[PDB]
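Just below is one structure, and these are the notes that go with it.
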Amino acid sequence: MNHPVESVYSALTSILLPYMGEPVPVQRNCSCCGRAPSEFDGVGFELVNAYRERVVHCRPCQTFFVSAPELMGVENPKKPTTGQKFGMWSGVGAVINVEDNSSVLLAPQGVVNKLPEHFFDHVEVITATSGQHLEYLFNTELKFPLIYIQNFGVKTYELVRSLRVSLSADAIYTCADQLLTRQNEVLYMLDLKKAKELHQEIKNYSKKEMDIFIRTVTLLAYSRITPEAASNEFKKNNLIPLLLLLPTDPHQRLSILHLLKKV
DNA sequence: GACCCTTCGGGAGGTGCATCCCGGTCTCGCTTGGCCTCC
Ligand SMILES: [Zn+2]
């Protein structure tokens, strides 16, 4: 009930209830989220995946494995009778406003084309690829708390177990269907407040100065240039006030630099 | 049957010629249904 998968379900995949079906009561914890059945009210969906594994899904988890061609379009013409699945979407992002329960679907142009017009009524779909997700996050006024599924992907189990609610702009969790262990959440943490202030301060610097700053920071983060050389370049180009806004973590530096080079 | 006394100075390069060219890969880290066999 009080879990991110329920939030995304109610906001985004509660549009496919009429093609979902009646759950079959179960006694084991859902294999997809992994949470105990105490919050599923004792019921569940019994299902077999393409690897012939007996899998239980809860009401939120099962929505990712539902075929609704009449609502989500046909994903592959070679298999008409199965449609686009939220758990099989790769390169498709989604921002879930938990408090408002509204959702925006950042899908590429091909996915938008495959979606029937009935889908756009329930879900507001903006045409954007995986590269323009950060553009949408940057420009749009996000409402918190929210769940930012950067890439729905195909690893639905790792997407559900990666779902983290982003309470504020300081730490926006980019869930991209890769298991969000505490060891790789730095790659999936988007510090949009710092990125926005760094972009605001990038305006004071010339295009050449900002290209030099970005290249120096990227090379240093990959240990291609010595810190002495990078410091010399920063001092010669007067980029120290930019550096004071950088996180000390090189992976965070790379993430925010990707954000800057996208905007 | 004991020492003698051990040389100088020359003069020590010149050239030529330093290639052509190939030809730089497949992959794959996921799930699903369709189709094809087959216990
Ligand atoms: Zn579940």
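Here are a few things to note about the model shown:
- For chain A, the spread of Cα positions along each principal axis, largest first, Å: 68, 37, 35
- In sequence order, segment A:182-189 has phi-based couplings of 5, 8, 10, 6, 6, 6, 10, 10 Hz under the Karplus curve 6.51 cos²θ - 1.76 cosθ + 1.60, θ = phi - 60°, and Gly or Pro positions carry x.
- Each label point was placed 7 Å from the Cα along the Cα-to-Cβ direction; for A:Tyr222 and A:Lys203 their separation is 3.1 nm.
- Remark: segment A:61-182 projects, on average over all directions, an area of 7.5 nm² (convex hull of Cα atoms).
- As a rough guide to protection, the peptides A:75-81, A:104-110, A:3-9 ranked by mean Cβ packing within 10 Å, highest first, stand as A:3-9, A:104-110, A:75-81.
- Using the average count of surrounding beta-carbon atoms within 10 Å as a protection proxy, the listed peptides A:241-247, A:252-258 rank, highest first, as A:252-258, A:241-247.
- Based on the convex hull around the alpha carbon atoms, segment A:47-117 presents an average projected area of 5.9 nm².
- Placing +1 on the Cβ of every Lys and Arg and -1 on the Cβ of every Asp and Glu, with no other charges, gives segment A:120-192 a dipole of roughly 300 debye about its Cα centre.
- With the convex hull of its Cα atoms as the shape, segment A:81-131 has an orientation-averaged projected area of 4.0 nm².
- The calculated Kirkwood hydrodynamic radius for segment A:165-246 is 14.3 Å, given to one decimal from all distinct C-alpha pairs.
- Antiparallel bridge percentage (DSSP; both residues within chain A; nearest 5): 75 percent
- Per-residue [θ]222 nm for chain A (sum of -39500 (n - 2.57) over DSSP H runs n ≥ 4, rounded to 500): -10000 deg cm²/dmol
- Stretch gain in nm, segment A:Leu187-A:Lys262, where the contour uses 0.36 nm per residue and the Cα spacing is subtracted: 25.3 nm
- Computed P(r) (all Cα pairs; segment A:1-54; 5 Å bins; percent): 4, 16, 23, 30, 22, 5, 0
- Debye log10 I(q)/I(0) for segment A:105-149, one point scatterer per Cα, at q = 0.20 Å⁻¹: -0.71
Cβ sites come from the backbone with ideal geometry, for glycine too, and all protein chains shown count toward neighbours. Taken together, the values in this text are just the output of simple stated rules run on the coordinates, not laboratory data.
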